[PDB]
Structure formats: structure tokens, C-alpha cells
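Asks: One structure is given below, represented as C-alpha cells, and several questions about it will come after.
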Ligand SMILES: [Zn+2]
């Protein structure tokens with residue numbers, strides 16, 4: 048039915064995302080959005096038959112401003128995932144006031160995830176704008192740009208096109224399946 052490919056011609060296995068996830072993530076983190084604070088989550092799941100299914104939304108121990116968010120204890124994130132045999136399939140964070148786009152920070156974070164898993168996706172929610180997006184870096188050219196990048200500075204620019212929206216429903220298909228939310232905060 049569906050074969051998705053990167054810019055470099057490598058095949059991408061399908062990721063099945065619960066349609067409820069986006070909505071549910073906004074629900075659980077709504078208090079921070081109120082206080083104009085970003086929140087991040089991890090999309091976790093399993094590989095069955097050359098396709099990935101997102102089964103858990105994990106909210107890690109974190110810190111945030113209206114501009115940023117970041118994990119503060121990846122050790123217990125690891126232990127949880129290791130204990131329950133859960134793959135890191137991507138991640139999600141909010142833009143309480145902003146438009147829907149991948150920031151410099153997000154691109155640097157996601158680059159590493161996508162190198163470790165070419166299908167890895169970054170979801171960004173913009174509640175205030177009532178828009179959301181599912182993104183990934185161009186592969187190989189965007190990954191290359193961010194890998195070589197050594198600019199200090201949280202909101203610095205990059206030159207050239209670096210990321211793109213994931214094509215749905217080819218790479219990511221939103222379905223009608225279960226979801227556990229694990230809040231580690
Ligand atoms: Zn950079």
C-alpha cells in the first residue's frame with residue numbers, strides 16, 4: 048500500500064500514531080500551557096512486522112520557560128523504557144504562544160533522534176494557533192547541516208532548508224488505537 052522514502056532514497060518503515068495522542072498530550076500538559084510554559088514528551092512504542100506502533104506518551108522529568116523545555120533526568124527515562132522494552136520513536140512539545148515550526152533547539156535535539164532512528168518524528172503543537180505539525184529533518188542534507196553545526200546559541204539560524212513535514216499517511220499514519228500516558232514528573 049505505502050512505501051515512504053527519504054531524500055536520499057532510503058526506505059522508511061511506517062509509524063502508527065494514536066489519533067488521540069496529540070489531543071491527550073495537550074490535556075495532560077494544559078496547566079503549563081496556561082502558565083505559558085512549554086512541555087515535552089517522548090513517543091514510545093514497539094516494532095512489530097517492520098512497522099512501529101506508538102503505545103506510550105512519556106512525560107519525563109523536565110524544566111521549561113515560555114521559550115524552552117528540556118529533560119533533567121534521562122536516567123530514569125532510560126530505566127522506564129528499558130524495563131518495559133519501549134523504543135524511542137520520536138518526541139513532542141508545545142508552543143504555547145508561537146506558530147507551529149521547528150526551532151533551532153528542536154532541530155538540534157531531533158537530529159540526534161533521527162540519526163539513531165531514521166523514522167523518528169518530532170510533533171510540535173501550537174495551541175494558541177490551534178495548529179500542530181509532524182516534522183523531520185531532510186535526510187541526508189538536513190541531518191548533515193545540523194551535525195556539522197557547532198554554533199553556540201539557543202535560537203541561532205541555519206542556512207539552507209533543514210527540515211520538512213512528514214508525509215502522511217505514508218511515513219506516519221494516524222490511527223484508532225490505544226495509548227498509555229506515563230507521567231514521570
Ligand atoms: Zn545549529
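In our numbering, the protein residues as written are 48 to 232. Cβ atoms here follow ideal geometry from the backbone N, Cα and C, with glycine treated the same way.
Drop a sphere of 10 angstroms on the beta-carbon of residue 230, count the other beta-carbons inside from all chains shown, and report buried for 16 or more, exposed for fewer.
Replies: exposed
Asks: Starting from residue 219, follow the beta strand (DSSP E) in both directions and report where the run begins and ends.
Replies: Bounds of the beta strand (DSSP E) holding residue 219 are 219–222.
Asks: Out of 167, 129, 113, 215, state which residue places its alpha-carbon closest to the alpha-carbon of residue 81.
Replies: Each of 167, 129, 113, 215 was checked against the Cα of residue 81, and the nearest Cα belongs to 113.
Asks: For residue 198, is the beta carbon positioned less than 8 Å from some heavy atom of ligand 1?
Replies: yes
Asks: Counting beta carbon pairs with one atom in the segment 56–69 and one in the segment 91–106, are three or more of them shorter than 8 Å?
Replies: yes
Asks: Residues in the same chain with beta-carbon distance under 8 Å from residue 135, minus the five sequence neighbours each way, listed in chain order, please.
Replies: Excluding residues within five positions, the ones whose Cβ falls inside 8 Å are 89, 90, 91, 128, 160, 163, 164, 167.
Asks: Taking only runs of the alpha helix (DSSP H) that begin and end inside the segment 118–204, which ones reach a length of at least 4 residues, in chain order?
Replies: 121–130, 151–163, 188–195, all fully within the segment 118–204.
Asks: Counting only the same chain and skipping the five closest in sequence on each side, list residues whose C-beta sits under 6 Å from that of residue 97.
Replies: Around residue 97, the same chain offers 60 as residues with beta carbons nearer than 6 Å, after the five sequence neighbours per side are excluded.
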